[PDB]
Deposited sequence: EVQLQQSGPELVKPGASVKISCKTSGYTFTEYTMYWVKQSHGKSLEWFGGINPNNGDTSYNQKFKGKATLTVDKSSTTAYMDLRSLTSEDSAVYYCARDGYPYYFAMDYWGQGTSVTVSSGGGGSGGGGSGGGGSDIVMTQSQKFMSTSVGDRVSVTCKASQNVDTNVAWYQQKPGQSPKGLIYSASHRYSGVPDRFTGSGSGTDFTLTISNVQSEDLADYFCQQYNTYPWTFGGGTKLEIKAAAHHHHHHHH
């Protein structure tokens, strides 16, 4: 039912300006906070900013100060991110995501991402292993260390090849709807581990952790999973 459908891809000159869209449906638009995520090629996810559709309130990650503007149209149930003054650094995939609170903490639904390409004392999450390899049936764990206490407010995301991130674990150790028992969450305070129990073929993905303890939200560096079988 729930569905976040975004605009098409846009190629623009440097120093331009583009407004992309995230058209929602299947749920009451004003109930849930909308968010936006930047992701460059082969690089990690960066929490860009959020917006409350019930009153227009927003919050911007100061790293991207004044480079975008978040707005909503309650009549068309659509959220907008207006990117302004585009340099070469800005070319990346931009995801809109929904805050699932008060039910499923963090970002429980993700848009399909719009690929924008131009041409002419914060929290830090540490994921030591960039790459990591196992085989089908093996157990495996992925770790995160935060600079500060973040209690149990951490989510774990799965990004499969060329796909938008899908939520795996919310609130340190709770699975989203329809997540195999093989993914179990663990940790508290500073150290968090995600354990994939019976590694499957499907599990070839890139796993990020993400703290939602304080804005601006921050992600891990991605731990790439790789499977071999012969």
item	value
Parts of the chain sequence, as deposited, that carry no C-alpha coordinates in this structure	121-134, 245-253
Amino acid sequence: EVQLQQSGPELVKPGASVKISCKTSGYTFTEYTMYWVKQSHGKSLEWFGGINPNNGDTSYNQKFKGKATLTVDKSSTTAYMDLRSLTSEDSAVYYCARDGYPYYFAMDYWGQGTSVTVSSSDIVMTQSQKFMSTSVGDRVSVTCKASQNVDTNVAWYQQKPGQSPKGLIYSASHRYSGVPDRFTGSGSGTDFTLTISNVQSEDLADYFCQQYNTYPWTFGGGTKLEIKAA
From here on, numbers count along this sequence of modelled residues.
| item | value |
| --- | --- |
| Mean C-alpha B-factor comparison - 153-161 and 85-93, higher one | 85-93 |
| Entry-level comparison of average CA B-factors, 75-83 and 121-129, reporting the higher stretch | 121-129 |
| From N52, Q62, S173, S177, residue of greatest CA B-factor | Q62 |
| Where the record places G66 (Cα B-factor, split into thirds across the chain) | highest |
| Cα B factor band for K43 (lowest, middle or highest third within the chain) | highest |
| Relative C-alpha B-factor of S17, binned into the chain's lowest, middle or highest third | highest |
| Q148 by Cα B-factor - lowest, middle or highest third of the modelled chain | middle |
| Where the record places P216 (Cα B-factor, split into thirds across the chain) | highest |
